[PDB]
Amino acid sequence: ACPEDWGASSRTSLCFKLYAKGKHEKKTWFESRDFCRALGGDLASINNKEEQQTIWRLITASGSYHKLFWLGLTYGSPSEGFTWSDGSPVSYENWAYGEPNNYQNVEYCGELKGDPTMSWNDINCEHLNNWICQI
């Protein structure tokens, strides 16, 4: 069962929470990771298409679209490439077309574009974004 406001009560329920913030309260990737970890969780990993649908439905209920959210995507070693901060394997992927492109060699964190495509992009880790936690 999920904590109240994070999802449903069944044993198979997965728990996510959107953090949409104004520009003075958006966070870098590391700040967002630390925020979710302080609650006992982490930035959201999206391990399969079922979790993608869960998050998309939360976005539809939010009223807003087109917002950029940090996910738990962070580059590891050159041989690893992208990893999830929660340690789970990056098996499922939904990178946007041409991504990750490491544009200008300075993009080591991953963001979700909260549109129907639900696509991922690598971007500068020091950008201030909204974020999604999991527990």
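Residue numbers here begin at 1 and follow the sequence given. Basically, rigid core = biggest C-alpha set you can superpose within 1.5 Å across the two forms.
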Inset, instruction - Figure out for me whether 57 to 65 or 33 to 41 is the more displaced stretch in 8 other deposited structures of this protein, taking RMS C-alpha distance from the shown form once the rigid core is superposed. - result: 57 to 65
Legend entry - Stretch with greater C-alpha deviation in 8 other deposited structures of this protein, 83 to 91 versus 23 to 31 (rigid core superposition): 83 to 91
Inset, instruction - Please establish whether a third or more of the other compared PDB entries omit coordinates for residue 13. - result: no
Legend entry - 125 to 133 or 1 to 9, whichever carries the higher mean Cα B-factor: 1 to 9
Legend entry - 25 to 33 versus 86 to 94 - greater average Cα B-factor per the deposited record: 86 to 94
Legend entry - Selection by C-alpha B-factor (highest) of 52, 101, 77, 45: 77
Inset, instruction - Could you check 68, 39, 109, 59 and tell me which one carries the biggest Cα B-factor in the deposited entry? - result: 39
